[PDB]
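Below: one structure, written as C-alpha cells.
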Amino acid sequence: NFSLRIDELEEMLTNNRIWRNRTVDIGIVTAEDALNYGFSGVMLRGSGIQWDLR
Amino acid sequence: XXXXXXXXXXXXXXXXXXXXXXXXXXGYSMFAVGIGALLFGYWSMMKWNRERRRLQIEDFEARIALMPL
C-alpha cells in the first residue's frame, strides 16, 4: 500500500506550479567550492557528483 | 523443532512504479470547450439584452404617455 501513498505526494506537490515557482533557483551551488563544504547525503549526491557510500 | 520468522514476498509490492499520468485533458481539446463556452456565453447573453430593449423602450414610453403627472 506504500507505493501508492508516496506517489500521492508527487501528484500533489511536484506537478503543481507553486513548487516550480518557489523552490526553483535557490542557491545553485555544485562546483568544487560546494565540494569544499562536504554534505555527503543529498546536495552533492542530489546534484553533481555521482559518489555515494552505499 | 526451531521456529523463526518466515520470509514472504509474493508480489514484491512493485519496485518504483509511476502513478502520475495524463487524465481527462489532452491539450487542444480543452481549448475547444474553453473558448467554445465563451462563444456560447456571449451569444446567450446578448439575446437577453435585446429582450431587455423591448422592456427598455416600453418603460420610457410610460413617462411620455403620462402628462397629467
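Here are the numbers for the structure shown:
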| read-out | value |
| --- | --- |
| Helices (runs of 4 or more DSSP H) lying entirely in chain A (those with 2 or more residues that are within 14 Å of another protein chain (Cβ to nearest Cβ) and surrounded by 10 or more Cβ atoms within 10 Å (Cβ to Cβ)) | A:2-9 |
| Members of region B:4-49 found to be within 14 Å of chain A (Cβ to nearest Cβ), under 16 Å from the mean Cα position of the chain (by Cα) and on the phi < 0 side of the Ramachandran plot, listed by number | B:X23, B:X25 |
| Per-region count, region B:1-36, residues under 30 Å from A:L13 (Cα atoms) and assigned to a helix (DSSP H, G or I) | 8 |
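Just so you know, all these numbers are worked out from the coordinates, no wet-lab data involved. Counting neighbours? That spans all protein chains shown, and the Cβs are built from the backbone with ideal geometry, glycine included.
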